[PDB]
Amino acid sequence: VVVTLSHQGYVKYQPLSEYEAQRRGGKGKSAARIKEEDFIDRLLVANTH
DNA sequence: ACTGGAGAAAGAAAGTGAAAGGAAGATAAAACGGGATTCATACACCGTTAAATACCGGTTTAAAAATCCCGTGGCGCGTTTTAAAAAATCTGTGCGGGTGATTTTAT
């Protein structure tokens, strides 16, 4: 899974099989919904156990 | 006149019914956040080419690395406190036969 954390503190993880590889130079798809004033600071990849 | 019992007055202490109010609860309206559709529209993938960049050979030189002396504060040791977690000890409760008790209405 992949773990994301926001500045004010919000945790969540998603299955890794949802995002598919592509070629460099793209824009990508949104991974989470941000609030009015917040931003993502960390990103982690790890196993459930 | 005097005595001792008895009833009535008077006074002081305790129990009482009623008391704002305030923290401590409780209950609704509201604002919120997370899923099912619906596409148009912007994004992903495939051929072409000018241009921008990586790479090699040889200097150099100024800057950073290496070395030596020393004087301290930042870790290390030993011994106390102090919360935190764990083990030990109490407290209720229901199963089924027995003893004894309570309340409200109409005519």
Side-chain angles (χ1 to χ4, degrees):
Chain A
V1 299
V2 292
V3 183
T4 62
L5 178 57
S6 62
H7 189 269
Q8 302 182 8
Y10 285 103
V11 292
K12 53 176 293 185
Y13 71 97
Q14 314 170 12
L16 188 55
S17 301
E18 192 180 359
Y19 307 92
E20 189 173 357
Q22 64 186 40
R23 311 187 192 277
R24 60 179 183 89
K27 278 77 64 179
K29 47 184 295 183
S30 179
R33 183 179 64 89
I34 202 63
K35 211 190 186 178
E36 304 179 5
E37 208 293 321
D38 202 331
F39 46 88
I40 276 75
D41 46 50
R42 304 213 67 84
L43 176 65
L44 182 70
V45 179
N47 187 273
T48 59
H49 297 166

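Chain A is the first sequence line, chain B the second, and so forth, proteins listed ahead of strands; every chain is numbered from 1. Only heavy atoms go into these numbers, but all of them, side chains included; no hydrogens, no water, no symmetry mates.
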Torsion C1'-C2'-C3'-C4' of [N], interpreted as north if positive, south if negative:
N	value
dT104(B)	north
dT91(B)	south
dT48(B)	south
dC95(B)	north
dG35(B)	south

Candidate list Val3(A), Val1(A), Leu5(A), test side-chain contact (heavy atoms from CB on, under 4.5 Å), partner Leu44(A), passing option:
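Only one of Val3(A), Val1(A), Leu5(A) forms a side-chain contact (heavy atoms from CB on, under 4.5 Å) with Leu44(A), namely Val3(A).
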Which whole number of Å gives the distance between the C1' atom of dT61(B) and that of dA65(B)?
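Nearest-Å result for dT61(B) against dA65(B) at atom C1': 15 Å.
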Would you say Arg33(A) reaches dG33(B)'s phosphate, i.e. side-chain N/O to OP1/OP2 under 4.0 Å?
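So the side chain of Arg33(A) is outside the cut-off, no N or O lying under 4.0 Å from OP1 or OP2 of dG33(B).
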Considering all heavy atoms of both residues, which atom of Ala32(A) and which atom of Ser30(A) are nearest to each other, and what is their separation?
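Looks like O-OG, 3.1 Å.
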Report, as yes or no, whether the 6.0 Å neighbourhood of atom OH on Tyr13(A) holds more than 12 heavy atoms from other residues, nucleotides or ligands.
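Check fails, neighbour count at 12 or below.
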Roughly how far apart are [X] [atom1] and [Y] [atom2], rounded to 0.5 Å?
X	Y	atom1	atom2	value
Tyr10(A)	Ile40(A)	OH	CD1	12.0 Å
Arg42(A)	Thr4(A)	CZ	OG1	12.5 Å
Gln22(A)	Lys29(A)	CD	NZ	10.0 Å

Donor-acceptor check, side chain of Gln8(A) to backbone of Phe39(A), threshold 3.5 angstrom: yes or no?
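Answer holds: no.
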Using a cut-off of 4.0 Å between protein heavy atoms and nucleotide atoms, how would you tag nucleotides 38-48 of chain B 5' to 3' with B, S and -?
-----SSSS--
Base, sugar-phosphate or nothing for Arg24(A)? Non-hydrogen atoms, less than 4.0 Å.
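It contacts nothing in the nucleic acid.
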Syn or anti for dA19(B), please, going by whether the chi angle lies within 90° of 0.
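It is syn.
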Using whole Å, what does the distance between atom P of nucleotide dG35(B) and atom CD of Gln14(A) come to?
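Atom CD in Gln14(A) sits about 11 Å away from atom P in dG35(B).
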For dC77(B) and its strand neighbour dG78(B), are the base ring centres under 5.5 angstrom apart and the ring planes under 30 degrees apart?
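Judged by ring centres under 5.5 Å and planes under 30°, these neighbouring bases count as stacked.
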